Structure formats: structure tokens, C-alpha cells
Amino acid sequence: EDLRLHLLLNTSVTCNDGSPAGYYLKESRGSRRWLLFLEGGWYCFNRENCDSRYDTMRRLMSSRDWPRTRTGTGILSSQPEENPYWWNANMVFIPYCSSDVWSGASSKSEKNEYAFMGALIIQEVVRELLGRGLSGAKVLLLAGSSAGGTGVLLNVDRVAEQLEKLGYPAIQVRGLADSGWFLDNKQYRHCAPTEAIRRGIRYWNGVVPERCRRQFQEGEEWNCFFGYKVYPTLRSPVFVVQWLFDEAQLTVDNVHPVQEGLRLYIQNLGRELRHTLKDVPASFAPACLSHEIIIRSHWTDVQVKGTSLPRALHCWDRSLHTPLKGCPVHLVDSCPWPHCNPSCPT
Ligand SMILES: *[C@@H]1O[C@H](CO)[C@@H](O)[C@H](O)[C@H]1NC(C)=O
Ligand SMILES: CN1C(=O)CC[C@H]1c1cccnc1
């Protein structure tokens, strides 16, 4: 089940500390499908808080200690029983070592203690994979969880543009954003989350998709980190997986028996998330308190309206060949409290 580490041949494309970035790959020679998964794990946004992350979360800032292999799990598993959706695909795990929500385009230098190269890491992984078989692909699914899910939204159209400009117009680029669809909502108690993104973008030289940038304009690029604002600007097909009560959303909202004020807050959050997905035709949004799903081994277990996530993704593939009989692609729970769906993870 193992994916093998390859450090980037272009060693100018680096993790935060200047060590080379890389990717883990398991090829499937009989397949023209490629799954490129972006790991998540928050971010850091100034010298002091990146230094702390370097002390105790160093694998998210450096390749120096990465293992030579990783086991593929969930959507990265090659076992049909664990991955009914894409078990025969070529599998790529791209470690998150740039701490920039995959948006950065800044090298380490005499003025920069850290490199923030997430956007460039994605493009360099794609370039190097073209020499390893990606050139023959029919579908490239850029997937990701948490900050990696936001990274999908920020980067899927740039991957599509890169392959067009390199002369590969037959590769269909698509996105799968898991747990990366956040609300810039009012907190339950008062930390300034949107301010941290704004500061981060300046620290990272962060880049956002061009059409979204042109809408919000200079200084307001932080808006494009919020799915409901950036998604309408995207041209590539994007399937959105989002728990209605995402634990990271609750964290940025300062939410941890439940009285009326908090009950109303939680119910309003789920309703707002539901509302932002009403016109997202490929989506899976269960009424659960959880965080991430697609690379979890039991990702097969959750269902919305009787349809599992692997089935919904399979129906999405069919829709991209009018709605499909018994094969839905838009699956959003309507019940208003975490675990009102009996299939929620424990
Ligand atoms: C290596 O990466 C750097 C930084 O992204 C880029 O500017 C440069 O063109 C790359 N070199 C090659 C040979 O691909
Ligand atoms: C990008 N994000 C994560 O990786 C988890 C939480 C989310 C976020 C939203 C708003 C402000 N800061 C962070």
C-alpha cells in the first residue's frame, strides 16, 4: 500500500526551512487517473509563531525527517474494499511543509527566515510527474484536507492553466476540497482569524486565483481563502466535502451541557454552511462534528441521505462523462445538530 518519497529535483522549491519539498508516489501503470492529495495542518503567519511551529511541528516545515514511504489510506488506498472510488489510480501524497495554506510564492533569502512556496510546490510536483506518466493522464484530481482542502480551491485552476500552457489540453483537472470550506463568521466568544490570514498572505507573498483576485483587488485577497467566495470564480469542477460542524471552524469561532446561546450559535452555523452549499452541485456535507475524512480508512462509513462519500464521488465521475437515477452528487444534510446523522464518525 506504500507510496515512495521523491524529493523535488528542483531543489529551489523548498519547505519552510530550505530543505527540498517532495511528494510520495505509487504508480498504477494500467491507469490514466491521477490523484494528487494536499496535506493540511493550519499555518503560521509571523516569525515568532513560525519559530514555535518549527520546534514542535517540524515535519510541517521541513523534509529533513520525512520517512521514505507512506501507506496510502482512504482515497489514497489501492485496496478496493477501502477505496471503492479510485483504488486503481496513480496515488500522490504531497506533504504540507510550507505553512502557507498552499498559497506562498516566496523563497528563503537574506530578508526571509523561512520560504513559503506552497503554490510553487504544487506546480513543481505537477511538472516532475509529467515525466513519470502524468503526461498520459485523462483526469488529474487535486484533492486535499483541511488547509489542503483550501489549497485545492486556491490552486486547482492554476494546475489546469499550467497543463494547458505546457501543451496538455486533454488532461481534465478537477478538485476535491475536504474540510477546507470555512466561514468568516462572528465568533461565539472573543484571536482574530481573518486578520491572521491577511497577515499571512503578506508574510508568505501569498497568491490567490486570478479571477478572485480581480474581484476583491489589492489588500483584500484574504477573501479568496473562504470557499463560498472563491468557488464561484473557479472554472475547474470542484467537489466540496464539508462537515456542517467542522471542528476547525469551531476552533476559529472559540467554541468548545449546552445552553440556549450556544445552541442557537451552533444551529446557525450549520444553517449558514448549508446555505453556502445550496448552489454547489457536487458536495457532501454531513451534519457531524468532525474534521477531515478523505484519507481516513473508515471514510466509507458516513452517508448522507443513504449515499456514501465514495459513491457520491463515483456519481460525480459519471456526471462529468441531467441528473443520474439513484446516483446523486449534491448531498447536504438538513438536520440541525451534530450527530443528527446516525453515520457520523465517533
Ligand atoms: C526551479 O524552481 C524555481 C522556483 O519556483 C523556478 O523559478 C525555476 O524556473 C525552476 N527551474 C527549473 C529548471 O524548472
Ligand atoms: C485555513 N484554516 C485551517 O487550516 C483550519 C481553520 C481555517 C481558518 C479559517 C479562518 C482563519 N484561519 C484559519
# chains A, B, ... in the order shown; residues from 1 in each chain; ligands from 1

call {"tool": "residues_near_ligand", "arguments": {"ligand": "ligand 1", "cutoff": "6 Å", "atoms": "only C-alpha atoms and all ligand atoms", "output": "ChimeraX atom specification"}}
result
/A:10,12-13,120

call {"tool": "residues_near_ligand", "arguments": {"ligand": "ligand 2", "cutoff": "6 Å", "atoms": "only C-alpha atoms and all ligand atoms", "output": "PyMOL selection string"}}
result
chain A and resi 41-42+146-147+182+193-194+197+248-249

call {"tool": "write_last_selection", "arguments": {"atoms": "N, CA and C atoms", "output": "PDB file, in the first residue's frame"}}
result
ATOM      1  N   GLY A  41      -2.907  21.134   7.939  1.00  0.00           N
ATOM      2  CA  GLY A  41      -2.259  21.370   9.221  1.00  0.00           C
ATOM      3  C   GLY A  41      -2.044  22.832   9.585  1.00  0.00           C
ATOM      4  N   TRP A  42      -3.096  23.639   9.507  1.00  0.00           N
ATOM      5  CA  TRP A  42      -3.062  25.066   9.920  1.00  0.00           C
ATOM      6  C   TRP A  42      -1.996  25.792   9.091  1.00  0.00           C
ATOM      7  N   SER A 146      -8.435  19.830   5.044  1.00  0.00           N
ATOM      8  CA  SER A 146      -8.219  20.970   5.950  1.00  0.00           C
ATOM      9  C   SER A 146      -7.490  22.074   5.190  1.00  0.00           C
ATOM     10  N   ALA A 147      -6.324  22.559   5.650  1.00  0.00           N
ATOM     11  CA  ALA A 147      -5.616  23.582   4.883  1.00  0.00           C
ATOM     12  C   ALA A 147      -5.329  23.101   3.467  1.00  0.00           C
ATOM     13  N   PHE A 182     -14.594  27.218   4.819  1.00  0.00           N
ATOM     14  CA  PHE A 182     -14.753  27.917   6.083  1.00  0.00           C
ATOM     15  C   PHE A 182     -15.595  29.165   5.917  1.00  0.00           C
ATOM     16  N   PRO A 193      -9.255  35.643  13.430  1.00  0.00           N
ATOM     17  CA  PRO A 193      -8.897  34.682  12.371  1.00  0.00           C
ATOM     18  C   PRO A 193      -8.661  35.287  10.995  1.00  0.00           C
ATOM     19  N   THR A 194      -9.560  36.142  10.499  1.00  0.00           N
ATOM     20  CA  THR A 194      -9.325  36.707   9.173  1.00  0.00           C
ATOM     21  C   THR A 194      -8.092  37.595   9.162  1.00  0.00           C
ATOM     22  N   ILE A 197      -5.056  35.432   8.445  1.00  0.00           N
ATOM     23  CA  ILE A 197      -4.919  35.162   7.013  1.00  0.00           C
ATOM     24  C   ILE A 197      -4.361  36.382   6.290  1.00  0.00           C
ATOM     25  N   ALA A 248     -12.405  22.525  13.139  1.00  0.00           N
ATOM     26  CA  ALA A 248     -11.519  23.675  12.960  1.00  0.00           C
ATOM     27  C   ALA A 248     -12.310  24.972  12.836  1.00  0.00           C
ATOM     28  N   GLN A 249     -13.490  24.922  12.210  1.00  0.00           N
ATOM     29  CA  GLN A 249     -14.373  26.086  12.202  1.00  0.00           C
ATOM     30  C   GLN A 249     -14.776  26.461  13.618  1.00  0.00           C
TER      31      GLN A 249
END

call {"tool": "closest_residue", "arguments": {"among": "A:242, A:49, A:69, A:297", "to": "residue 84 of chain A", "atoms": "only C-alpha atoms"}}
result
A:297

call {"tool": "select_by_dssp", "arguments": {"residues": "segment 109-333 of chain A", "states": "strand (DSSP E or B)", "output": "PDB file with N, CA and C atoms, in the first residue's frame"}}
result
ATOM      1  N   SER A 109      15.717  33.885   2.020  1.00  0.00           N
ATOM      2  CA  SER A 109      16.654  34.876   1.493  1.00  0.00           C
ATOM      3  C   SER A 109      17.256  35.646   2.661  1.00  0.00           C
ATOM      4  N   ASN A 112      14.325  36.895   4.455  1.00  0.00           N
ATOM      5  CA  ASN A 112      13.265  35.956   4.816  1.00  0.00           C
ATOM      6  C   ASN A 112      13.870  34.757   5.530  1.00  0.00           C
ATOM      7  N   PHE A 116       8.114  30.294   1.855  1.00  0.00           N
ATOM      8  CA  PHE A 116       6.703  29.919   1.789  1.00  0.00           C
ATOM      9  C   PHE A 116       6.404  29.683   0.321  1.00  0.00           C
ATOM     10  N   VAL A 139      -7.520  12.216 -16.279  1.00  0.00           N
ATOM     11  CA  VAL A 139      -8.070  13.010 -15.188  1.00  0.00           C
ATOM     12  C   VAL A 139      -6.986  13.189 -14.140  1.00  0.00           C
ATOM     13  N   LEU A 140      -6.796  14.430 -13.708  1.00  0.00           N
ATOM     14  CA  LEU A 140      -5.953  14.767 -12.570  1.00  0.00           C
ATOM     15  C   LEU A 140      -6.892  15.356 -11.528  1.00  0.00           C
ATOM     16  N   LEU A 141      -7.085  14.637 -10.418  1.00  0.00           N
ATOM     17  CA  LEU A 141      -7.918  15.099  -9.318  1.00  0.00           C
ATOM     18  C   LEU A 141      -6.988  15.658  -8.250  1.00  0.00           C
ATOM     19  N   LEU A 142      -7.048  16.965  -8.046  1.00  0.00           N
ATOM     20  CA  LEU A 142      -6.297  17.626  -6.985  1.00  0.00           C
ATOM     21  C   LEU A 142      -7.197  17.636  -5.758  1.00  0.00           C
ATOM     22  N   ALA A 143      -6.820  16.867  -4.747  1.00  0.00           N
ATOM     23  CA  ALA A 143      -7.599  16.710  -3.534  1.00  0.00           C
ATOM     24  C   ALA A 143      -6.794  17.219  -2.352  1.00  0.00           C
ATOM     25  N   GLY A 144      -7.471  17.420  -1.228  1.00  0.00           N
ATOM     26  CA  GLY A 144      -6.774  17.905  -0.049  1.00  0.00           C
ATOM     27  C   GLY A 144      -7.732  18.013   1.110  1.00  0.00           C
ATOM     28  N   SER A 145      -7.161  17.940   2.308  1.00  0.00           N
ATOM     29  CA  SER A 145      -7.919  18.005   3.547  1.00  0.00           C
ATOM     30  C   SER A 145      -7.458  19.186   4.392  1.00  0.00           C
ATOM     31  N   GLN A 172      -8.002  16.371 -17.914  1.00  0.00           N
ATOM     32  CA  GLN A 172      -9.084  17.063 -17.225  1.00  0.00           C
ATOM     33  C   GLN A 172      -8.693  17.261 -15.766  1.00  0.00           C
ATOM     34  N   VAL A 173      -8.515  18.510 -15.360  1.00  0.00           N
ATOM     35  CA  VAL A 173      -8.153  18.820 -13.981  1.00  0.00           C
ATOM     36  C   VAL A 173      -9.427  19.094 -13.201  1.00  0.00           C
ATOM     37  N   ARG A 174      -9.546  18.465 -12.025  1.00  0.00           N
ATOM     38  CA  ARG A 174     -10.696  18.595 -11.143  1.00  0.00           C
ATOM     39  C   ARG A 174     -10.184  18.737  -9.720  1.00  0.00           C
ATOM     40  N   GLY A 175     -11.039  19.242  -8.837  1.00  0.00           N
ATOM     41  CA  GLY A 175     -10.676  19.451  -7.448  1.00  0.00           C
ATOM     42  C   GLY A 175     -11.599  18.715  -6.497  1.00  0.00           C
ATOM     43  N   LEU A 176     -11.037  18.271  -5.375  1.00  0.00           N
ATOM     44  CA  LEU A 176     -11.801  17.655  -4.289  1.00  0.00           C
ATOM     45  C   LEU A 176     -11.321  18.330  -3.006  1.00  0.00           C
ATOM     46  N   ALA A 177     -12.141  19.227  -2.453  1.00  0.00           N
ATOM     47  CA  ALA A 177     -11.766  20.011  -1.282  1.00  0.00           C
ATOM     48  C   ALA A 177     -12.497  19.453  -0.066  1.00  0.00           C
ATOM     49  N   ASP A 178     -11.742  18.880   0.873  1.00  0.00           N
ATOM     50  CA  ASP A 178     -12.284  18.233   2.063  1.00  0.00           C
ATOM     51  C   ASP A 178     -11.945  19.080   3.278  1.00  0.00           C
ATOM     52  N   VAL A 238     -15.158  21.229  -9.072  1.00  0.00           N
ATOM     53  CA  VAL A 238     -14.704  21.048  -7.694  1.00  0.00           C
ATOM     54  C   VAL A 238     -15.822  20.400  -6.878  1.00  0.00           C
ATOM     55  N   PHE A 239     -15.519  19.257  -6.269  1.00  0.00           N
ATOM     56  CA  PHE A 239     -16.421  18.584  -5.346  1.00  0.00           C
ATOM     57  C   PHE A 239     -16.042  19.026  -3.937  1.00  0.00           C
ATOM     58  N   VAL A 240     -17.024  19.480  -3.159  1.00  0.00           N
ATOM     59  CA  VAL A 240     -16.769  20.038  -1.834  1.00  0.00           C
ATOM     60  C   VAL A 240     -17.286  19.067  -0.778  1.00  0.00           C
ATOM     61  N   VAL A 241     -16.381  18.549   0.052  1.00  0.00           N
ATOM     62  CA  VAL A 241     -16.735  17.745   1.219  1.00  0.00           C
ATOM     63  C   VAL A 241     -16.584  18.637   2.440  1.00  0.00           C
ATOM     64  N   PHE A 245     -20.466  20.969  10.981  1.00  0.00           N
ATOM     65  CA  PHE A 245     -19.925  21.480  12.241  1.00  0.00           C
ATOM     66  C   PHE A 245     -18.450  21.104  12.311  1.00  0.00           C
ATOM     67  N   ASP A 246     -17.653  21.728  11.454  1.00  0.00           N
ATOM     68  CA  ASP A 246     -16.244  21.374  11.357  1.00  0.00           C
ATOM     69  C   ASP A 246     -15.502  21.799  12.619  1.00  0.00           C
ATOM     70  N   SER A 283     -21.314  18.124  -3.873  1.00  0.00           N
ATOM     71  CA  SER A 283     -20.963  18.403  -2.489  1.00  0.00           C
ATOM     72  C   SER A 283     -21.475  17.290  -1.589  1.00  0.00           C
ATOM     73  N   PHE A 284     -20.808  17.124  -0.450  1.00  0.00           N
ATOM     74  CA  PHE A 284     -21.148  16.095   0.532  1.00  0.00           C
ATOM     75  C   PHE A 284     -20.932  16.738   1.891  1.00  0.00           C
ATOM     76  N   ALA A 285     -22.016  17.011   2.617  1.00  0.00           N
ATOM     77  CA  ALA A 285     -21.960  17.846   3.824  1.00  0.00           C
ATOM     78  C   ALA A 285     -22.795  17.220   4.930  1.00  0.00           C
ATOM     79  N   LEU A 289     -19.989  16.743  13.883  1.00  0.00           N
ATOM     80  CA  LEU A 289     -18.840  17.427  14.455  1.00  0.00           C
ATOM     81  C   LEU A 289     -17.624  16.546  14.201  1.00  0.00           C
ATOM     82  N   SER A 290     -16.791  16.935  13.240  1.00  0.00           N
ATOM     83  CA  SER A 290     -15.611  16.151  12.889  1.00  0.00           C
ATOM     84  C   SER A 290     -14.657  17.043  12.104  1.00  0.00           C
ATOM     85  N   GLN A 303     -22.666   8.433   5.496  1.00  0.00           N
ATOM     86  CA  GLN A 303     -23.620   8.543   4.408  1.00  0.00           C
ATOM     87  C   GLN A 303     -24.505   9.752   4.649  1.00  0.00           C
ATOM     88  N   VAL A 304     -24.912  10.393   3.561  1.00  0.00           N
ATOM     89  CA  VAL A 304     -25.925  11.438   3.598  1.00  0.00           C
ATOM     90  C   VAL A 304     -27.068  10.974   2.710  1.00  0.00           C
ATOM     91  N   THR A 307     -26.425   7.732   0.860  1.00  0.00           N
ATOM     92  CA  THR A 307     -25.346   7.633  -0.119  1.00  0.00           C
ATOM     93  C   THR A 307     -24.010   7.908   0.556  1.00  0.00           C
ATOM     94  N   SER A 308     -23.041   7.015   0.346  1.00  0.00           N
ATOM     95  CA  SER A 308     -21.719   7.193   0.937  1.00  0.00           C
ATOM     96  C   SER A 308     -20.904   8.202   0.129  1.00  0.00           C
ATOM     97  N   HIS A 330     -25.104  15.922  -5.130  1.00  0.00           N
ATOM     98  CA  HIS A 330     -25.291  17.001  -4.169  1.00  0.00           C
ATOM     99  C   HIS A 330     -25.986  16.399  -2.961  1.00  0.00           C
ATOM    100  N   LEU A 331     -25.263  16.314  -1.837  1.00  0.00           N
ATOM    101  CA  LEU A 331     -25.749  15.593  -0.657  1.00  0.00           C
ATOM    102  C   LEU A 331     -25.432  16.433   0.572  1.00  0.00           C
ATOM    103  N   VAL A 332     -26.415  17.194   1.040  1.00  0.00           N
ATOM    104  CA  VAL A 332     -26.221  18.103   2.161  1.00  0.00           C
ATOM    105  C   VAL A 332     -27.284  17.767   3.193  1.00  0.00           C
TER     106      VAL A 332
END

call {"tool": "select_by_dssp", "arguments": {"residues": "segment 132-286 of chain A", "states": "alpha helix (DSSP H)", "output": "PyMOL selection string"}}
result
chain A and resi 147-165+193-204+210-216+227-230+247-252+260-276

call {"tool": "closest_residue", "arguments": {"among": "A:227, A:127, A:186, A:155", "to": "residue 167 of chain A", "atoms": "only C-alpha atoms"}}
result
A:127

call {"tool": "residues_around", "arguments": {"residues": "residue 3 of chain A", "least_positions_apart": "6", "cutoff": "9 Å", "atoms": "only C-alpha atoms", "output": "PyMOL selection string"}}
result
chain A and resi 23-27+68-72+91-93

call {"tool": "residues_around", "arguments": {"residues": "residue 137 of chain A", "least_positions_apart": "2", "cutoff": "12 Å", "atoms": "only C-alpha atoms", "output": "PyMOL selection string"}}
result
chain A and resi 27-35+89-90+126+129-135+139-141+163+168-173

call {"tool": "closest_residue", "arguments": {"among": "A:296, A:165, A:311, A:274", "to": "residue 243 of chain A", "atoms": "only C-alpha atoms"}}
result
A:274
